[PDB]
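The residues making up each chain are set out below.
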Amino acid sequence: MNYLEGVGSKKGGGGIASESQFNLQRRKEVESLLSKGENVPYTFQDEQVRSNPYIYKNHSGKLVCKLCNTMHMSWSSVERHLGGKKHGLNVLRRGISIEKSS
Amino acid sequence: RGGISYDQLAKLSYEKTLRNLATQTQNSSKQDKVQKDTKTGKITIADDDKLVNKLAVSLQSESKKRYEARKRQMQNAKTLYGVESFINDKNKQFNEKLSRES
Amino acid sequence: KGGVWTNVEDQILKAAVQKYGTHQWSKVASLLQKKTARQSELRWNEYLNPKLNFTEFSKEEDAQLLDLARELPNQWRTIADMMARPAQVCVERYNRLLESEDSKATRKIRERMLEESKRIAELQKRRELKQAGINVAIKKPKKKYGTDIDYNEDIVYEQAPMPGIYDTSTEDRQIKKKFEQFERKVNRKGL
Amino acid sequence: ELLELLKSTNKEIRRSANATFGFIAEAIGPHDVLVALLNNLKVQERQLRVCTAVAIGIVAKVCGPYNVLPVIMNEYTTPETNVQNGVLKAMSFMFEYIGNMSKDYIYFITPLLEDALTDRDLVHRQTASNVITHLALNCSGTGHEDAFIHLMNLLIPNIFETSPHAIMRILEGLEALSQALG
Amino acid sequence: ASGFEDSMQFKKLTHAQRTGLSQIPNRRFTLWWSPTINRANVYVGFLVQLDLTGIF
Amino acid sequence: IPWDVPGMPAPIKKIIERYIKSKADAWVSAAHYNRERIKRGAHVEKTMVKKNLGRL
Amino acid sequence: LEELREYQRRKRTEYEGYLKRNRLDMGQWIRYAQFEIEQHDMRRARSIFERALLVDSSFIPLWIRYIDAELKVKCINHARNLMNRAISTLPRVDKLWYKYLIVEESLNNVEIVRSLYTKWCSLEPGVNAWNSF
RNA sequence: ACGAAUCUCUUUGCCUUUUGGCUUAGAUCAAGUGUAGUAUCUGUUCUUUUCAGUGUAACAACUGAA
RNA sequence: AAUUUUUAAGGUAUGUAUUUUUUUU
Ligand SMILES: [Mg+2]
Ligand SMILES: [Mg+2]
Ligand SMILES: [Zn+2]
């Protein structure tokens, strides 16, 4: 009559999963939040308009700005760069560099 | 200012198609019954094969145009507004409805 | 006893609270390592809530403040609710102000992918056997239950349009001609 | 149950857990077991990626490297970095476990060490040169010798590299390639 | 049982695993008292024999 | 919590408030009834207690 | 043909299963009734629309579309007999009259509309209706 | 100039799953450490007067006075 | 000054395919 308790289990397999597995899950979701859900494309994939359009992922996993040729560890770093004064300049330089030709 | 009830709207569209039709008639000028059986009451009406094909083509054409224009509003709609954070298309679409609510 | 919040773990709250709302705090700490729910909530209310007021102090406030703090002796939540400010700010100015005086979705998706793959497989089987001349028909997915229907075999529930006075009877012929034309095409050009 | 167990802080545990993958891979088969290991290189924590990289070296020796190697050379393509080191580290181990053999398998790995020594981040250029130290010593005297000029042409520009773990790995490579070339 | 409970595991237990009660002490109580709790003299009850044993 | 909403037609708000006062009255009345039933000792089952104490 | 046959069959399992569950949601009926049109089978498509008039006959997008599929392939006395059933069911409506009137314009027959407006005036509709007459 | 057709464009208008329900928020549960070392973002300062020494592959940098 | 005896169910899923004599070009 242990039904009095009120806990139970499903009959499938072996539950909890392994602490390492939780981190993989948690570091994907955190990079989904901060990314605001955008799919940042790989560098080799042969271009869904991007929110910006410069950020990518190299053949490795890292994120890169293709203007500035900087390498970034995480989305948090990227938003630092996109809000930086160097990534400002390289847009202006490409601004002029286009405004001198068509 | 303002909305329009489904009556007045119906009338307006009626007039619109009247004008369009009259233009087909004029341009066609520029380029240049009832029988009921005794056995059954079934009525029959003589028809010109022309203008019926023209009708079908008109309906199909207008459907194509409408579908396309709405499609262009689809395209611009998503490409215009990049301000707030969004996880997916559906989110952005909803928040543009929030822009309509203002 | 630090429990100190880096600007990353502040930036993940505001994205988590945006997602999960303010009463699901147990889920916010799933996105955020190092931090429990009671730690996440306590920061959202004391710091990060954008409806909080962190701003300079007008001349009426320090009058309003020193009025309350005198009329209510130490009660810094009750004062802060009067001032519409976080307490530890309304406390912290008051201590300086006194020294101013001083000197399923995924699973079904993937399963559907599997099913479609199986279809593709059987189809290309039939095409290859056809290329060798042996012709084999496709199979019916058995019957789950006794009365189960095969939709192709028959019009499911045929509701005759109605009778009517205008007596079509001719248009039906042209239709059937177009239909038999369609199927007669597919046997050859194959769409 | 072992693959979860090598999180342990003890060593003799971690060491015996890897040895019993060889005893199982001999029993049942290598490919059933690899897919268990390779799925575990995505994991972040370093012990787990190194202690899988050992096990793939052990499954290679015991069941033969030809069974393991094309599954590892394929896994190297994945764009995550932690895989790409773990597949280069696994190849270091498996070339010191099969000591003399290693000659049969060169020519296949020169293109895999081609992208490693060419790659931008400094750790790949560390682990591939740590493959060359094992691959040069015990394949010297074979008569490849034109694979080690290729592999040399790619290393020497790393002579200017700083970092302590990077520069000793590269010197070890240059000391070892000296015995393949002369 | 007061001895070793602490170190079972920590994070890992599933809900039932952690919250539910162990049947193990009741089994100990009904083994020790078995020959009264199982006795043939009963007022109303039916014999069964376990599969491979001679235990009624 | 008060449940104000930004622009919502007033009549709809009237409706929702009306039905929520009905449901609130039933919810409270059952909270009391089950509670006196528990007090005097009558059998209230189990989760009706655990449910009750949340209501109270 | 099996590259076709099993396509049509599998679709008719999916669409009916949904409509089986939801009697309402006319958005599905029109879609599924459109699928059977593009297969060049009028018999099935007419059944679907007729099946969907039972669920709600007050929904004019359904009524209108089922005039289209009749007019597009030019089945005349059907879309003609239909309009007997159409405006006798919902005689107040605006759109249903004008779409029956304006389609009679492109058929050039003014005797019809002469007698149409006879009834539609006999019904005493209102301002915008009379002004078209 | 005008009756007037067609393509292109802005606006008004029309609008999409604008979250499947219910109860005691239905209940409950969560982050290892130490030694050595590298990689990568952002912020802040300088392209600005002469000569003498230190320094550098050459710069740079550092050190004095008008 | 006299009680009263026990069986089921909520726990070990559920689903699909599988033994077939070659339907006329
Ligand atoms: Mg259960
Ligand atoms: Mg039940
Ligand atoms: Zn940049």
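About the thresholds
Residues numbered from 1 in each chain as written, not as in the entry; some residues may be left out. Chains lettered and ligands numbered in written order. Part of a larger assembly, values for the part shown. Heavy atoms only, no water. Helix = DSSP H or I, 4+ residues; strand = E, 2+ residues; numbered from the N terminus. Rg over C-alpha atoms; globule rule 2.2 N^0.38 Å. Buried < 20%, exposed > 50% of the residue type's maximum accessible area, 1.4 Å probe, protein only. Salt bridge = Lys/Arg side-chain N within 4 Å of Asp/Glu carboxyl O. Near = heavy atom within 4 Å. Polar contact = N/O pair within 3.5 Å; in protein donor to acceptor, adjacent residues only side chain to side chain. Nonpolar A, V, L, I, M, F, W, Y, C, P; charged D, E, K, R; others polar. 1 Å grid on protein atoms, 1.4 Å probe; cavity = no way out; pocket = protein on both sides within 12 Å on 5 of 7 lines; lining within 4 Å. Points joined across faces, edges and corners; volume = space filled by probe spheres on them.

What the entry reports as its method is cryo-EM, with 3.50 Å given for the resolution.

A tally of regular secondary structure across chain B gives three helices and two strands. Along chain B, helices (α) and strands (β) appear in the sequence α-β-β-α-α when read from the amino end. The C-alpha radius of gyration of chain B comes to 23 Å, more than 25% above the 13 Å expected for a compact globule of 102 residues. The principal-axis extent of the C-alpha atoms belonging to chain B is close to 70 × 40 × 30 Å.

Despite not being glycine, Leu191 of chain C shows a phi value in the positive range, around 60 degrees. Take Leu191 of chain C: it is sitting in the segment after α8 (171–186). For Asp25 of chain G, which is not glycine, the phi dihedral falls at a positive 65 degrees. Its location among the elements puts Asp25 of chain G in the loop between α1 (2–21) and α2 (26–37). Assessed through its relative accessible area of 33%, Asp25 of chain G is described here as partly exposed.

Think of it this way: side chains of opposite charge can pair up when their charged atoms draw near. One pass over the structure, following the stated rule, counts 28 salt bridges over all chains. As a salt-bridge pair, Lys92 of chain B and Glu96 of chain B come within 3.7 Å of each other at their nearest N and O atoms. Of this pair, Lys92 of chain B and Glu96 of chain B both sit in helix α3 (residues 89–101), four residues apart, which is roughly one turn of that helix. Residue classification places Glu96 of chain B among the buried positions, given a relative accessible area of 17%. As a salt-bridge pair, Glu158 of chain C and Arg43 of chain G come within 2.5 Å of each other at their nearest N and O atoms. Linking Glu158 of chain C in the loop between α7 (105–131) and α8 with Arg43 of chain G in helix α3 (residues 42–55), this pair reaches from one chain into another.

Moving on, we get to the protein's contact with RNA strand I. In the vicinity of RNA strand I, the contacting residues are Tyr3 and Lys11 of chain A, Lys142 and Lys144 of chain C together with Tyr43, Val44 and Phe46 of chain E. The sugar-phosphate portion of RNA strand I accounts for 50% of its atoms within 4 Å of the protein, the bases making up the rest. Within the side chain of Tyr3 of chain A, a nitrogen or oxygen atom sits 3.3 Å from a phosphate oxygen of RNA strand I. Taking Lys11 of chain A, its side chain carries an N or O atom lying 3.0 Å from a sugar or linking oxygen of RNA strand I. Among the residues making up the surface near RNA strand I, the classes are represented as four nonpolar, no polar and three charged.

The subject of this paragraph is the layout of surface pockets. What the largest pocket holds in volume is close to 1,900 Å³. Along the wall of the largest pocket there are 47 residues; nearest its centre are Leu59, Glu62 and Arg66 of chain B together with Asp68 and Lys99 of chain G. Here the lining of the largest pocket takes eleven residues from helix α1 (residues 6–31) of chain B, the largest share from any one element. Tallied by class, the residues present in the lining of the largest pocket amount to 20 nonpolar, twelve polar and 15 charged. Approximately 1,300 Å³ is the volume attributed to the second largest pocket. Around the second largest pocket, the lining comprises 40 residues; the ones closest to its centre are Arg27, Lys28, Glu31, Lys57 and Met73 of chain A. Mapped onto the lining of the second largest pocket, the elements with two or more residues apiece are α1 (19–33) and α2 (75–82) of chain A, α1 (7–20) of chain C together with α5 (81–97) of chain D. If you tally residues by element for the lining of the second largest pocket, the top one is α1 of chain A, at seven residues. Grouping the amino acids of the lining of the second largest pocket by side-chain chemistry returns 14 nonpolar, 14 polar and twelve charged.

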